């Protein structure tokens, strides 16, 4: 899109207008819930079902804190990329930004490069962003 989605309720699912295109920046601005309450996810997916998630970005406040990055294809999860030293904390606001590049998603958190996730499926087929889990959202916006 862009009008942004303002104060969207979680779980959230919404259209990305024109789908993912090279150069598109998707901001997810919100706060990790203080409750107990150990994971949240941002999914760049095709349609409503969640069977085809080009990029599942999944902070887990477990086993020291880590982020799982993965792709689901016709209902099947791939091999996980896991990143430690995660820049999310329970009760802490965040500005999470996804940049679509030709080769990857570049993910910035609070203005700092966090992870790159190389495309496993074509990114243009992504037409929907969904967010679920232990998070509240101030806005999701698009540049």
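Numbering follows the first chain given and starts at 1. Whichever C-alpha set is largest while still superposing within 1.5 Å between the two forms counts as the rigid core.
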Worksheet entry | Higher-deviation segment by CA RMS in 8 other deposited structures of this protein, core fitted, 31-39 or 72-80 | 31-39
Worksheet, complete the sentence: In terms of RMS C-alpha distance in 8 other deposited structures of this protein following rigid core superposition, 95-103 and 82-90 differ, and the farther one is 82-90
Item to complete: Compare the mean C-alpha B-factor of 32-40 with that of 46-54 as given in the PDB entry, and name the stretch with the higher value.
Response: 32-40
Worksheet, complete the sentence: The stretch whose C-alpha atoms carry the larger average B-factor in the entry, 66-74 or 80-88, is 80-88
Worksheet item: Where does residue 143 sit by CA temperature factor within its chain: lowest, middle or highest third?
Response: highest
Worksheet, complete the sentence: Of the three thirds of Cα B-factor ranks in this chain, residue 115 occupies the highest
Practice prompt. Within this chain's modelled residues, let me know which third the CA B factor of residue 26 belongs to: lowest, middle or highest.
Written response: lowest
Worksheet item: Which third of the chain holds residue 98 when residues are ordered by C-alpha B factor: lowest, middle or highest?
Response: middle
